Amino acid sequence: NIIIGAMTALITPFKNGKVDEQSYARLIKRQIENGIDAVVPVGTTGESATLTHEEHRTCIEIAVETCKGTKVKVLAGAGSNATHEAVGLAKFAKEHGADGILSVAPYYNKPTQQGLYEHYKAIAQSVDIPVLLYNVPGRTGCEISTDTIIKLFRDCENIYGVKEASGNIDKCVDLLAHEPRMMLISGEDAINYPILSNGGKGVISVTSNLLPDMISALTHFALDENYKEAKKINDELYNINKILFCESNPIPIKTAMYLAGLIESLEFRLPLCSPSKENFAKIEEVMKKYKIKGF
């Protein structure tokens, strides 16, 4: 059981410091109507760090409910650097109708490979829905090694692949060569096409928040082996794909969504904050080059 294809790491819109739940539902519906295959509530892009556990839960529920009666899957953000917390989130997602969970490598405490293994095993054994690993060492301070990922995929029935955001093409090659059953998911927008053309089966995208049609089309073109068309969109997207990381994600994507009139308010929770006026200008300029779907 797997979750693949074009997916969106949903931004979490705030209004006066709280999640704007109507806005959230509306943004999710906008994803659905633009051909997206799955949404990821409360990943990194959704400011998982600054949402309380109960708000985190509410967002997951809104995604499930908004996606009900549609083919769009909900891959709920359920990671934590504490296994008991990650287990709690995983169980909740399962109990509340999520289709799978995305579970980021523990940040800050730098577990050993053995610890990572037990972390994810405890999580995968706690629910019967697909678990996607999520490697992003630049943020977590640790890496799930290729051996650990493969071992987890083989030992745990529900662990089905990994979202890679380690900027390491070679590891991606290794993963699929040793374990071609696993689903490699691009966590790096700029190289969506190369990852897909090289055996990856989906993306969890930041850019698709703004340009869901473009990211969905890219992903589907590639899965269909229409590489020319997929490369073409990837090339077109390169500028925005890079600019959306001029400051730590999701600062730029939220800024663009606001500039586009897709969210009412440009609000973060500290320590995240508005970009510098210079990057605000930079984001505004790149944005003009693209056609941005409305509601």
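Residue numbers run from 1 along the displayed sequence.
- A summary of the deposited B-factors shows that, of 221-229 and 177-185, the stretch with the larger mean C-alpha value is 221-229.
- Stretches compared: 38-46, 60-68. Higher mean C-alpha B-factor in the entry: 60-68.
- The top Cα temperature factor in the record, among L266, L270, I28, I251, falls on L266.
- The maximum CA B-factor among the listed residues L132, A122, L210, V136, taken from the PDB record, is found at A122.
- Ranked by Cα temperature factor within the chain, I169 sits in the highest third according to the deposited record.
- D155: CA B factor lies in the middle third for its chain, per the PDB record.
- In the PDB entry, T255 places in the lowest third of its chain by CA B-factor.
- Compared with the other modelled residues of the chain, the Cα B-factor recorded for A78 ranks in the lowest third.
- Ranked by C-alpha B-factor against the other modelled residues of its chain, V286 falls in the highest third.
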